[PDB]
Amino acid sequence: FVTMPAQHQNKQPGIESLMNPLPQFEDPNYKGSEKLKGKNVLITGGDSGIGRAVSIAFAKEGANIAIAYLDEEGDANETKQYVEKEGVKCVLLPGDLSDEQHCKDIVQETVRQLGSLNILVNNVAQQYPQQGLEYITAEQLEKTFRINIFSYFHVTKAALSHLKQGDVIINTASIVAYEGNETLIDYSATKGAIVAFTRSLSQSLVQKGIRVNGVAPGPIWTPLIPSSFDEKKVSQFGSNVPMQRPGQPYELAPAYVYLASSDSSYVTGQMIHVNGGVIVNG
């Protein structure tokens, strides 16, 4: 079943401005209510897709946003203009998070520019579909882990110096961690690592008053998709879930708002499943 136009992109991270149709990253009807007023946020991969929607929604809730991303300057710039439109501060932090030192630098830079750090959203990811395990090279395996899970370790480790009672960490996992994906074996393994990391870290930081939770999206129309899958696969993206459609990035943002604010003060170690109705024994 065809859900989107057939399309593919040469390189990854994907570029949102090349997508047809453009992901819906903002809900026009969304009304902010100061849920994150004055909070300082760092978001990895906040330039496009889900991260773009989360940055914009956080801004509408009064948060100042530092956005880390690889090199998609056009996308990062567009996200920044939407964020600043809400009258909050926005800081752009380009660079390769597969490098430990850079993971430390983005936290240091966030604190320098915003004054402090309250909420960290680990959201960066890359994915390289392959027809079977025999087609996953050592080079691809390690690249996939270094960006998808090691960056979450290093960035969070560096943020711990700055987080205090009342602060929050949110990790973007994926439905593939729960359900498996035969063409994304290494990627699913990194998302499964993120789930266990979220559980373990929540127990580690609970007595420090820092909450740790995750969001597990299903198929969401974002740049990650046409940049990883073939056209035919892209054209059918989202037809498999019970709502029979891919999710739009704005549909993920309120889950992050919920987890980031005092609204979830009694929530830690959990996962919010936003996936069109796929039952995962959640």
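Numbering starts at 1 and follows the sequence shown.
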note = Higher of the two mean Cα B-factors (145-153, 74-82; per PDB record) comes from 74-82
key: Given 32-40 and 224-232, the range whose Cα B-factors average higher in the PDB entry   = 224-232
query = From 254, 46, 247, 214, pick the one with the largest CA B-factor in the entry?
reply = 46
inquiry  = In terms of recorded Cα temperature factor, pick the maximum from 274, 271, 267, 18.
reply    = 18
ask   = Compared with the other modelled residues in the chain, in which third is the CA B-factor of residue 140?
value = middle
query = If you rank every modelled residue in this chain by C-alpha B factor, which third holds residue 124: lowest, middle or highest?
reply = middle
ask   = Based on the entry's values, in what third of the chain does the Cα temperature factor of residue 89 lie: lowest, middle or highest?
value = highest
task = Divide the modelled residues of the chain into thirds by Cα B-factor and specify which third, lowest, middle or highest, holds residue 99.
result = middle
request  = Taking the chain's C-alpha temperature factors as the reference, tell me which third residue 106 falls into: lowest, middle or highest.
outcome  = highest
